[PDB]
Amino acid sequence: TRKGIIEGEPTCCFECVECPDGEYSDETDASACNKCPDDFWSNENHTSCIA
Amino acid sequence: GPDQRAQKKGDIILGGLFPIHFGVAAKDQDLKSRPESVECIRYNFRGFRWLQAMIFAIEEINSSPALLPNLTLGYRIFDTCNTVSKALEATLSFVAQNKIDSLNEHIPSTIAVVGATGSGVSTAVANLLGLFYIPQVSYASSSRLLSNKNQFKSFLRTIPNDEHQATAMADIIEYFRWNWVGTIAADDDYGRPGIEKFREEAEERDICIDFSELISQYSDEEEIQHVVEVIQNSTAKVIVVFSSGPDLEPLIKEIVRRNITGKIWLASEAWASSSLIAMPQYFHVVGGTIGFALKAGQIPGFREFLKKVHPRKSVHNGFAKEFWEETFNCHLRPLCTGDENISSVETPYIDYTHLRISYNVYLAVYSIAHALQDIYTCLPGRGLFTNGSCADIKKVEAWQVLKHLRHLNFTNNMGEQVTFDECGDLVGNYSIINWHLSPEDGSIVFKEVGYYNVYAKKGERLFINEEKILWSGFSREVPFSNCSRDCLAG
Amino acid sequence: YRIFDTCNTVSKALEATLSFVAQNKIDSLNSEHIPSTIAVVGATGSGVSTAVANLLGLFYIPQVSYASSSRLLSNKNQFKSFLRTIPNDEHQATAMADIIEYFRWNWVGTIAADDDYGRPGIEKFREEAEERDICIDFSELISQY
Amino acid sequence: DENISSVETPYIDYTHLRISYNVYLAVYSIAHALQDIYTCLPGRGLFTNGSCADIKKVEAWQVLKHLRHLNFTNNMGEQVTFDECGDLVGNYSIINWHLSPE
Ligand SMILES: *[C@@H]1O[C@H](CO)[C@@H](O[C@@H]2O[C@H](CO)[C@@H](O)[C@H](O)[C@H]2NC(C)=O)[C@H](O)[C@H]1NC(C)=O
Ligand SMILES: *[C@@H]1O[C@H](CO)[C@@H](O[C@@H]2O[C@H](CO)[C@@H](O)[C@H](O)[C@H]2NC(C)=O)[C@H](O)[C@H]1NC(C)=O
Ligand SMILES: *[C@@H]1O[C@H](CO)[C@@H](O[C@@H]2O[C@H](CO)[C@@H](O)[C@H](O)[C@H]2NC(C)=O)[C@H](O)[C@H]1NC(C)=O
Ligand SMILES: O=C(O)[C@@H]1Cc2c([nH]c3ccccc23)CN1
Ligand SMILES: O=C(O)[C@@H]1Cc2c([nH]c3ccccc23)CN1
Ligand SMILES: *[C@@H]1O[C@H](CO)[C@@H](O)[C@H](O)[C@H]1NC(C)=O
Ligand SMILES: *[C@@H]1O[C@H](CO)[C@@H](O)[C@H](O)[C@H]1NC(C)=O
Ligand SMILES: *[C@@H]1O[C@H](CO)[C@@H](O)[C@H](O)[C@H]1NC(C)=O
Ligand SMILES: *[C@@H]1O[C@H](CO)[C@@H](O)[C@H](O)[C@H]1NC(C)=O
Ligand SMILES: [Ca+2]
Ligand SMILES: [Ca+2]
Ligand SMILES: [Ca+2]
Ligand SMILES: [Ca+2]
């Protein structure tokens, strides 16, 4: 789950936006969902990438 | 007290505090010998014009019998040199009899003081004067900190407070749709509160401030270089400078040396009309600057009185000699023949387009005079004192003048009502000007491109004509001062 | 010694300081019973110390304060004769920022006194928090009045 | 004849001497500047041509000069000196407000 921006409110206040399929977020307080590499997809929880 | 003064004897003495010099000699006392008096440098012709405005107003009151008949206003006017120490020497001269009476014969009793220009200088002067409840009506001290009557009991001003000006800067930034600006302020009681108010307003209006740097006229080359580095590293084209001319001159000179261009300067009223910044050879840096100016006033007969100056003819103005010696580069260095024409040398003394702080000094003097008139023309049982008792104009005291100034309501020569609210403040509009290069000459023309209506409600106070703004002095395209480009559809 | 009470007020402190500088004042403004104060210990408040420092450095009378810690009193251009036995408040704002960073907070509020003490310190803390990625929800100014 | 210790006020009910030590240091710093004026060798002075002030007719600016060049020792054996801005850098102690069990 990545960090989404709340308009008009500073950076410390963010929403939790679930990563889409194909991308993933492994760490906490992540500002971007990273795409799994070639020949790799994302598991159900979007916490890692499986072949 | 201090010398070089301008003094006229009268039944009632009005003190004056004007910056006839832009500053003092930067010579740090090593204390190996007894510290002598510091010298004042950088002669200010605009401050001399302000002093002449005070003298002209006092002479007008002394000539017109409709105001204060058979009562003469005198003056003791000193030079502060924008320095707290000089103005404090002058203030100690003002409170000599008062401090003798309070602590411990021919010394004049200052009934009220007109000044000073700097908010820190006026703060020190108010600290000293409020001990004796001597009214002090400033003409150019617009700091919000001076609206605290618990600390400044006897302070008044004929200039608007600078919260509206910071709100106006934020409104201007919102109008042109910028969110990525940098802030610069003088490290004094004027720049700091105003830039803080601007920061609150910008946070309210969702404007990100990249850098906030403090400046001073005594800043070392290291500090100035650091501020210039901060400006260069930043991508914020718009820089909000809430400072004065002398405090911004080192930074502007250093930036001109390194040719930083494309920066949009939002000027506070202190330096938006400054001859120390609005120089023809700085236009590739400070060109297109958008600044604020106060209401322009009219003083009929003021220009003739300004042109009637003469070192020998004017015996009550000890500043006239140095004015002559710096105007014509003469000594009374070639000798001062005394027949030189004021309309021959281009100085801010005469080459003025509007009277804004001069009108403020005029209003200060007339506010004091109308308070004295209310003291004089008062029915016995309707005075502003105990049991409706009245002050005696023959033996008037400073605190009585303060009391009548708090409840003051008089009319200008422009037909505008002048009163001071519970905070001892005056409310006034603003005119938004843009620094244009002159086609005919090389001077920096201050072109009026909008206004700010303090009486209007929020969001309707600002009015700007973008067609009249030349960005950076040459460009008609509103610059881009956002941190990131707009995210498009999808 | 000649010691007066300031009552945390600029007015009382300036009356006392006018007592302090009486001989220098009459010398520079034109009875030997008036004593010559060679130096002043005080004061507590930073605004009080600012006014007293203006008046005293006018006559170059040293003033060694014990509680006034405003950074504005470190300006020797304005305050030539001011000295401190208390640390400046440049470090205390940084220390508060380090405390907030240590406990892993980023959403804080700020209150300051509306005087030469609270305002510079809270500005320095705002700068340090901005450096340390701390978001300040509100900034309020208070006073005893 | 009332006993000062009978009534609990911040006058005696104190645990540490923090600002009181600051007042003590201010007084002793001025005293040590005056001593440096007094213990001044004729050719070794802070004034013009290495001249020294007269302790019997000393002036405030001379004491200011000596205070700016003052480097003495506490009663705790720690050096006190003032920087170019007349500041005395020192540590801080982080304290926590608790409630007295008794
Ligand atoms: C710079 O950023 C500001 C801040 O968002 C932009 O202002 C927005 O402009 C659009 C259309 O003009 C409005 O719908 C928004 O309400 C504005 N947001 C505000 C005022 O907070 C501005 O357009 C940007 N300028 C650019 C990218 O050139
Ligand atoms: C401050 O500015 C406003 C707007 O420039 C002034 O209001 C105008 O007043 C004139 C007459 O004096 C009217 O003809 C205009 O229609 C007004 N414009 C408005 C209301 O937007 C206002 O008078 C100025 N303040 C003072 C004290 O004169
Ligand atoms: C509160 O917010 C701060 C934001 O700084 C969090 O601190 C970060 O925590 C992440 C988690 O591993 C680290 O990667 C960052 O380096 C930390 N930044 C710092 C310490 O500046 C903190 O964890 C948050 N706490 C809670 C309870 O939400
Ligand atoms: O409060 C202050 O410090 C500024 C000083 C100032 C103003 N306008 C000026 C024009 C020339 C010189 C100085 C000034 C506005 N009030
Ligand atoms: O600068 C100032 O105003 C504060 C006042 C102050 C400090 N520490 C204190 C302890 C007790 C009473 C007052 C104080 C720190 N300097
Ligand atoms: C600007 O960036 C350069 C890059 O190294 C840096 O050296 C300089 O200190 C910066 N200026 C500042 C931080 O004011
Ligand atoms: C500064 O840059 C401008 C163009 O941005 C140029 O016209 C001007 O000659 C430059 N001046 C100096 C002194 O480098
Ligand atoms: C000032 O007096 C005029 C009358 O000339 C009145 O209309 C106005 O309301 C008064 N203003 C204040 C603030 O008392
Ligand atoms: C003060 O004197 C001591 C020697 O007694 C010396 O070690 C120290 O460096 C001196 N400090 C300063 C700031 O001169
Ligand atoms: Ca918001
Ligand atoms: Ca001044
Ligand atoms: Ca100027
Ligand atoms: Ca005090």
# chains A, B, ... in the order shown; residues from 1 in each chain; ligands from 1
$ residues_around --residues "segment 78-95 of chain D" --least-positions-apart "3" --cutoff "7 Å" --atoms "only C-alpha atoms" --output "ChimeraX atom specification"
/C:74-76,82-88 /D:68,70-74
$ residues_around --residues "segment 95-98 of chain C" --least-positions-apart "3" --cutoff "7 Å" --atoms "only C-alpha atoms" --output "list in words"
residues 91, 92, 101, 102, 125, 128 and 129 of chain C
$ interface_residues --of "chain B" --to "chain A" --cutoff "10 Å" --atoms "only C-alpha atoms" --output "PyMOL selection string"
chain B and resi 203-208
$ residues_near_ligand --ligand "ligand 11" --cutoff "7 Å" --atoms "only C-alpha atoms and all ligand atoms" --output "PyMOL selection string"
chain B and resi 17-19+80-83+115-118+121
$ write_last_selection --atoms "N, CA, C and O atoms" --output "PDB file, in the first residue's frame"
ATOM      1  N   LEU B  17      11.849  62.878  14.674  1.00  0.00           N
ATOM      2  CA  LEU B  17      12.839  61.818  14.492  1.00  0.00           C
ATOM      3  C   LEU B  17      12.814  61.406  13.025  1.00  0.00           C
ATOM      4  O   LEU B  17      11.891  60.714  12.587  1.00  0.00           O
ATOM      5  N   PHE B  18      13.823  61.824  12.266  1.00  0.00           N
ATOM      6  CA  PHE B  18      13.843  61.519  10.848  1.00  0.00           C
ATOM      7  C   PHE B  18      15.195  60.957  10.436  1.00  0.00           C
ATOM      8  O   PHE B  18      16.226  61.329  10.999  1.00  0.00           O
ATOM      9  N   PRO B  19      15.220  60.054   9.461  1.00  0.00           N
ATOM     10  CA  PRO B  19      16.487  59.482   8.978  1.00  0.00           C
ATOM     11  C   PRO B  19      17.122  60.332   7.878  1.00  0.00           C
ATOM     12  O   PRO B  19      17.061  60.039   6.687  1.00  0.00           O
ATOM     13  N   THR B  80      18.014  60.353  13.318  1.00  0.00           N
ATOM     14  CA  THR B  80      18.200  59.030  13.892  1.00  0.00           C
ATOM     15  C   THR B  80      19.224  58.199  13.137  1.00  0.00           C
ATOM     16  O   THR B  80      19.810  57.285  13.726  1.00  0.00           O
ATOM     17  N   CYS B  81      19.447  58.497  11.856  1.00  0.00           N
ATOM     18  CA  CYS B  81      20.365  57.736  11.009  1.00  0.00           C
ATOM     19  C   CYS B  81      19.977  56.263  10.961  1.00  0.00           C
ATOM     20  O   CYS B  81      20.834  55.383  10.855  1.00  0.00           O
ATOM     21  N   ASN B  82      18.674  55.993  11.052  1.00  0.00           N
ATOM     22  CA  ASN B  82      18.123  54.637  11.058  1.00  0.00           C
ATOM     23  C   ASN B  82      18.724  53.781  12.168  1.00  0.00           C
ATOM     24  O   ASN B  82      18.660  52.550  12.117  1.00  0.00           O
ATOM     25  N   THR B  83      19.295  54.420  13.183  1.00  0.00           N
ATOM     26  CA  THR B  83      20.019  53.745  14.247  1.00  0.00           C
ATOM     27  C   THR B  83      19.295  53.963  15.566  1.00  0.00           C
ATOM     28  O   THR B  83      18.801  55.060  15.841  1.00  0.00           O
ATOM     29  N   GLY B 115       7.724  60.318  14.784  1.00  0.00           N
ATOM     30  CA  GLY B 115       8.747  59.379  14.376  1.00  0.00           C
ATOM     31  C   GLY B 115       8.625  58.094  15.164  1.00  0.00           C
ATOM     32  O   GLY B 115       7.684  57.898  15.927  1.00  0.00           O
ATOM     33  N   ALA B 116       9.595  57.211  14.952  1.00  0.00           N
ATOM     34  CA  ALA B 116      10.603  57.338  13.905  1.00  0.00           C
ATOM     35  C   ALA B 116      10.184  56.550  12.666  1.00  0.00           C
ATOM     36  O   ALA B 116       9.023  56.176  12.520  1.00  0.00           O
ATOM     37  N   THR B 117      11.135  56.317  11.764  1.00  0.00           N
ATOM     38  CA  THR B 117      10.891  55.560  10.542  1.00  0.00           C
ATOM     39  C   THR B 117      11.022  54.055  10.730  1.00  0.00           C
ATOM     40  O   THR B 117      10.149  53.303  10.286  1.00  0.00           O
ATOM     41  N   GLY B 118      12.087  53.592  11.379  1.00  0.00           N
ATOM     42  CA  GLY B 118      12.309  52.170  11.556  1.00  0.00           C
ATOM     43  C   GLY B 118      11.467  51.621  12.687  1.00  0.00           C
ATOM     44  O   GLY B 118      11.292  52.275  13.719  1.00  0.00           O
ATOM     45  N   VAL B 121      13.659  51.097  15.685  1.00  0.00           N
ATOM     46  CA  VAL B 121      13.971  52.414  16.225  1.00  0.00           C
ATOM     47  C   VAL B 121      12.759  52.997  16.937  1.00  0.00           C
ATOM     48  O   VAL B 121      12.865  53.507  18.060  1.00  0.00           O
TER      49      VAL B 121
END
$ interface_residues --of "chain C" --to "chain D" --cutoff "12 Å" --atoms "only C-alpha atoms" --output "ChimeraX atom specification"
/C:1,20-21,23-24,36-44,56-96,98-99
$ residues_near_ligand --ligand "ligand 3" --cutoff "12 Å" --atoms "only C-alpha atoms and all ligand atoms" --output "ChimeraX atom specification"
/A:11-14,26-31 /C:97-108,129-135
$ write_last_selection --atoms "N, CA, C and O atoms" --output "compact mmCIF listing (two decimals), in the first residue's frame"
# COMPACT_ATOMS: atom_id res chain seq x y z
N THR A 11 2.48 17.11 3.91
CA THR A 11 2.99 15.82 3.45
C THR A 11 2.81 14.72 4.48
O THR A 11 2.63 13.56 4.11
N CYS A 12 2.85 15.07 5.76
CA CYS A 12 2.74 14.06 6.80
C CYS A 12 1.36 13.40 6.83
O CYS A 12 1.22 12.31 7.39
N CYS A 13 0.36 14.03 6.23
CA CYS A 13 -1.00 13.49 6.23
C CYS A 13 -1.23 12.86 4.87
O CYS A 13 -1.36 13.55 3.86
N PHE A 14 -1.28 11.54 4.83
CA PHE A 14 -1.45 10.79 3.60
C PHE A 14 -2.54 9.74 3.76
O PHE A 14 -2.90 9.35 4.87
N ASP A 26 7.06 -3.07 -0.94
CA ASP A 26 7.60 -3.98 0.06
C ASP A 26 7.85 -3.32 1.41
O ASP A 26 7.67 -3.97 2.44
N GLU A 27 8.26 -2.06 1.42
CA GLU A 27 8.55 -1.35 2.66
C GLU A 27 7.31 -0.62 3.15
O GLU A 27 6.28 -0.53 2.47
N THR A 28 7.40 -0.08 4.36
CA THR A 28 6.36 0.78 4.91
C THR A 28 6.69 2.24 4.64
O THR A 28 7.85 2.60 4.40
N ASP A 29 5.66 3.08 4.69
CA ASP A 29 5.77 4.50 4.35
C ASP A 29 6.40 4.67 2.97
O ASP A 29 7.33 5.45 2.77
N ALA A 30 5.86 3.92 2.01
CA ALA A 30 6.33 3.98 0.64
C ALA A 30 5.48 4.95 -0.16
O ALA A 30 4.25 4.97 -0.06
N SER A 31 6.15 5.78 -0.96
CA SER A 31 5.49 6.81 -1.75
C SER A 31 5.21 6.38 -3.18
O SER A 31 4.65 7.17 -3.94
N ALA C 97 13.80 19.86 18.35
CA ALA C 97 13.67 19.14 17.09
C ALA C 97 14.27 17.75 17.19
O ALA C 97 13.70 16.78 16.68
N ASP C 98 15.43 17.62 17.84
CA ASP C 98 16.05 16.32 18.02
C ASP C 98 15.22 15.42 18.92
O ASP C 98 15.19 14.20 18.73
N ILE C 99 14.55 16.00 19.92
CA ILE C 99 13.67 15.21 20.78
C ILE C 99 12.50 14.67 19.98
O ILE C 99 12.12 13.50 20.11
N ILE C 100 11.90 15.51 19.14
CA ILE C 100 10.77 15.06 18.32
C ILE C 100 11.23 14.00 17.32
O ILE C 100 10.50 13.04 17.03
N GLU C 101 12.43 14.17 16.76
CA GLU C 101 12.96 13.17 15.84
C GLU C 101 13.26 11.86 16.54
O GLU C 101 13.08 10.78 15.96
N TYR C 102 13.72 11.93 17.79
CA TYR C 102 14.08 10.72 18.53
C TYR C 102 12.87 9.83 18.79
O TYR C 102 12.95 8.61 18.63
N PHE C 103 11.75 10.43 19.17
CA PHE C 103 10.55 9.67 19.50
C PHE C 103 9.67 9.41 18.29
O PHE C 103 8.56 8.89 18.45
N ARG C 104 10.14 9.76 17.10
CA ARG C 104 9.51 9.39 15.84
C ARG C 104 8.11 10.00 15.74
O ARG C 104 7.12 9.32 15.46
N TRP C 105 8.04 11.30 15.98
CA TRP C 105 6.86 12.11 15.75
C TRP C 105 7.10 13.00 14.54
O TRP C 105 8.23 13.41 14.27
N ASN C 106 6.03 13.29 13.81
CA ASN C 106 6.10 14.25 12.72
C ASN C 106 4.94 15.23 12.67
O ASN C 106 4.92 16.09 11.79
N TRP C 107 3.97 15.13 13.58
CA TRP C 107 2.77 15.96 13.55
C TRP C 107 2.63 16.62 14.92
O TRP C 107 2.13 16.01 15.86
N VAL C 108 3.09 17.87 15.01
CA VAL C 108 3.18 18.59 16.27
C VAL C 108 2.55 19.96 16.12
O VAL C 108 2.33 20.45 15.01
N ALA C 129 12.55 21.83 12.40
CA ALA C 129 11.54 20.82 12.11
C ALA C 129 11.36 20.65 10.61
O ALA C 129 11.19 19.53 10.12
N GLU C 130 11.37 21.76 9.87
CA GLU C 130 11.29 21.67 8.41
C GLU C 130 12.48 20.90 7.85
O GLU C 130 12.34 20.12 6.91
N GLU C 131 13.67 21.13 8.42
CA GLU C 131 14.83 20.34 8.02
C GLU C 131 14.65 18.87 8.35
O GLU C 131 15.05 18.00 7.56
N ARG C 132 14.06 18.56 9.50
CA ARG C 132 13.92 17.19 9.97
C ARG C 132 12.61 16.54 9.55
O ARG C 132 12.23 15.52 10.12
N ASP C 133 11.91 17.12 8.56
CA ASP C 133 10.68 16.54 8.02
C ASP C 133 9.61 16.36 9.09
O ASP C 133 8.96 15.32 9.18
N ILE C 134 9.42 17.39 9.92
CA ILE C 134 8.36 17.42 10.92
C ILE C 134 7.33 18.44 10.48
O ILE C 134 7.68 19.58 10.14
N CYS C 135 6.06 18.04 10.47
CA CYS C 135 4.97 18.92 10.06
C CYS C 135 4.37 19.58 11.29
O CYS C 135 3.99 18.90 12.25
$ interface_residues --of "chain B" --to "chain D" --cutoff "8 Å" --atoms "only C-alpha atoms" --output "VMD selection string"
chain B and resid 30 to 35
$ write_last_selection --atoms "N, CA and C atoms" --output "compact mmCIF listing (two decimals), in the first residue's frame"
# COMPACT_ATOMS: atom_id res chain seq x y z
N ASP B 30 36.71 48.90 19.18
CA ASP B 30 37.58 47.94 19.86
C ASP B 30 37.72 48.22 21.34
N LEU B 31 37.27 49.39 21.80
CA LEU B 31 37.31 49.80 23.20
C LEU B 31 38.72 49.93 23.75
N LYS B 32 39.73 50.02 22.88
CA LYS B 32 41.06 50.37 23.33
C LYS B 32 41.15 51.83 23.75
N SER B 33 40.27 52.67 23.23
CA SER B 33 40.16 54.06 23.64
C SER B 33 38.69 54.36 23.93
N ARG B 34 38.45 55.50 24.56
CA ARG B 34 37.10 55.88 24.93
C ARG B 34 36.22 55.97 23.68
N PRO B 35 35.09 55.27 23.64
CA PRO B 35 34.27 55.26 22.42
C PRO B 35 33.67 56.64 22.16
$ residues_near_ligand --ligand "ligand 4" --cutoff "8 Å" --atoms "only C-alpha atoms and all ligand atoms" --output "ChimeraX atom specification"
/B:46-47,117-120,139-143,159,189-191,243-245,268-271,273-274,357
$ write_last_selection --atoms "N, CA, C and O atoms" --output "CSV table (one decimal), in the first residue's frame"
chain,number,residue,atom,x,y,z
B,46,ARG,N,15.4,61.9,0.9
B,46,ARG,CA,14.0,61.6,1.2
B,46,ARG,C,13.7,61.9,2.6
B,46,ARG,O,12.6,62.4,2.9
B,47,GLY,N,14.6,61.5,3.5
B,47,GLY,CA,14.4,61.8,4.9
B,47,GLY,C,14.4,63.3,5.2
B,47,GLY,O,13.6,63.8,6.1
B,117,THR,N,11.1,56.3,11.8
B,117,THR,CA,10.9,55.6,10.5
B,117,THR,C,11.0,54.1,10.7
B,117,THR,O,10.1,53.3,10.3
B,118,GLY,N,12.1,53.6,11.4
B,118,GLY,CA,12.3,52.2,11.6
B,118,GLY,C,11.5,51.6,12.7
B,118,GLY,O,11.3,52.3,13.7
B,119,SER,N,10.9,50.4,12.5
B,119,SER,CA,10.1,49.8,13.5
B,119,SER,C,10.9,49.5,14.8
B,119,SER,O,10.3,49.6,15.9
B,120,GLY,N,12.1,49.0,14.6
B,120,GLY,CA,12.9,48.8,15.8
B,120,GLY,C,13.3,50.1,16.5
B,120,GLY,O,13.3,50.2,17.7
B,139,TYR,N,5.3,57.9,11.4
B,139,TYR,CA,4.8,58.1,10.0
B,139,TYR,C,5.2,56.9,9.1
B,139,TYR,O,4.7,56.8,8.0
B,140,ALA,N,6.1,56.1,9.5
B,140,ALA,CA,6.6,55.0,8.7
B,140,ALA,C,6.9,53.7,9.4
B,140,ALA,O,7.5,52.8,8.9
B,141,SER,N,6.4,53.5,10.7
B,141,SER,CA,6.6,52.3,11.5
B,141,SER,C,5.4,51.5,11.4
B,141,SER,O,4.4,51.8,12.1
B,142,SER,N,5.4,50.4,10.6
B,142,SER,CA,4.2,49.7,10.3
B,142,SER,C,4.2,48.3,10.9
B,142,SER,O,3.4,47.4,10.5
B,143,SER,N,5.1,48.0,11.8
B,143,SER,CA,5.2,46.7,12.5
B,143,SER,C,4.0,46.4,13.3
B,143,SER,O,3.5,47.3,14.0
B,159,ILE,N,0.5,55.4,9.4
B,159,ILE,CA,0.8,54.5,8.4
B,159,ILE,C,0.0,53.2,8.7
B,159,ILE,O,-0.2,52.9,9.9
B,189,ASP,N,12.6,44.2,13.7
B,189,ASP,CA,11.2,44.2,14.2
B,189,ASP,C,10.2,44.6,13.1
B,189,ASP,O,9.0,44.6,13.4
B,190,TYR,N,10.7,44.8,11.9
B,190,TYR,CA,9.8,45.1,10.8
B,190,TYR,C,9.6,43.9,9.8
B,190,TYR,O,8.5,43.5,9.5
B,191,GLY,N,10.7,43.4,9.3
B,191,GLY,CA,10.7,42.3,8.4
B,191,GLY,C,10.2,40.9,9.0
B,191,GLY,O,9.5,40.2,8.3
B,243,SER,N,11.3,43.8,3.6
B,243,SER,CA,12.5,44.4,4.1
B,243,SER,C,12.5,45.9,3.6
B,243,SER,O,11.6,46.4,2.9
B,244,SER,N,13.6,46.6,4.0
B,244,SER,CA,13.7,48.0,3.7
B,244,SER,C,14.9,48.1,2.7
B,244,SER,O,15.7,47.2,2.5
B,245,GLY,N,15.1,49.3,2.2
B,245,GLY,CA,16.2,49.6,1.3
B,245,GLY,C,17.6,49.4,1.8
B,245,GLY,O,18.4,48.6,1.2
B,268,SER,N,7.9,44.8,-0.4
B,268,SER,CA,7.2,45.4,0.7
B,268,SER,C,7.2,47.0,0.5
B,268,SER,O,8.1,47.5,-0.3
B,269,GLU,N,6.3,47.7,1.1
B,269,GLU,CA,6.3,49.1,0.9
B,269,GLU,C,7.6,49.8,1.3
B,269,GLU,O,7.8,50.9,0.8
B,270,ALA,N,8.4,49.2,2.1
B,270,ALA,CA,9.6,49.9,2.6
B,270,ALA,C,10.6,50.1,1.5
B,270,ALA,O,11.2,51.2,1.4
B,271,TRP,N,10.8,49.1,0.6
B,271,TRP,CA,11.7,49.2,-0.5
B,271,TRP,C,11.1,49.2,-1.9
B,271,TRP,O,11.9,49.2,-2.8
B,273,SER,N,9.7,51.5,-3.2
B,273,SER,CA,9.9,52.9,-3.7
B,273,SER,C,11.2,53.4,-3.2
B,273,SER,O,11.3,54.6,-2.8
B,274,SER,N,12.3,52.6,-3.2
B,274,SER,CA,13.6,52.9,-2.7
B,274,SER,C,14.5,53.3,-3.8
B,274,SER,O,14.7,52.6,-4.7
B,357,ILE,N,5.0,59.0,2.4
B,357,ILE,CA,5.5,59.1,3.7
B,357,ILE,C,5.5,60.6,4.2
B,357,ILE,O,5.3,60.9,5.3
$ closest_residue --among "C:122, C:54, C:45, C:4" --to "chain B" --atoms "only C-alpha atoms"
C:54
$ closest_residue --among "D:17, D:41, D:4, D:12" --to "ligand 5" --atoms "only C-alpha atoms and all ligand atoms"
D:17
$ residues_near_ligand --ligand "ligand 2" --cutoff "10 Å" --atoms "only C-alpha atoms and all ligand atoms" --output "list in words"
residues 295, 414, 415, 416, 417, 418, 427, 428, 429, 430, 431, 450, 451, 452, 453, 454, 455, 456, 460, 461, 462 and 463 of chain B
$ closest_residue --among "B:231, B:383, B:288, B:315" --to "ligand 6" --atoms "only C-alpha atoms and all ligand atoms"
B:231
$ residues_around --residues "residue 266 of chain B" --least-positions-apart "4" --cutoff "7 Å" --atoms "only C-alpha atoms" --output "PyMOL selection string"
chain B and resi 239-241+289-291
$ write_last_selection --atoms "N, CA and C atoms" --output "short mmCIF file (atom, residue, chain, number, x, y, z; two decimals), in the first residue's frame"
data_model
loop_
_atom_site.label_atom_id
_atom_site.label_comp_id
_atom_site.auth_asym_id
_atom_site.auth_seq_id
_atom_site.Cartn_x
_atom_site.Cartn_y
_atom_site.Cartn_z
N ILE B 239 10.23 35.65 -5.36
CA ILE B 239 10.84 35.87 -4.06
C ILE B 239 10.09 37.01 -3.38
N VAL B 240 9.54 36.74 -2.21
CA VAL B 240 8.85 37.75 -1.42
C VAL B 240 9.85 38.36 -0.46
N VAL B 241 10.14 39.64 -0.64
CA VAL B 241 11.10 40.36 0.19
C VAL B 241 10.32 41.35 1.04
N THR B 289 9.85 44.35 -10.78
CA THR B 289 9.48 44.15 -9.38
C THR B 289 8.08 44.67 -9.12
N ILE B 290 7.28 43.86 -8.44
CA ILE B 290 5.92 44.23 -8.07
C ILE B 290 5.91 44.57 -6.59
N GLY B 291 5.62 45.83 -6.28
CA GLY B 291 5.66 46.28 -4.91
C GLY B 291 4.42 47.02 -4.46
#
$ select_by_dssp --residues "chain C" --states "strand (DSSP E or B)" --output "list in words"
residues 40, 41, 63, 64, 65, 82, 83, 84, 107, 108, 109, 110, 111, 112, 113, 135, 136, 137, 138, 139, 140, 141 and 142 of chain C
$ interface_residues --of "chain C" --to "chain B" --cutoff "8 Å" --atoms "only C-alpha atoms" --output "list in words"
residues 10, 11, 14, 15, 18, 19, 25, 28, 29, 30, 51, 54, 55, 58, 77, 78 and 145 of chain C
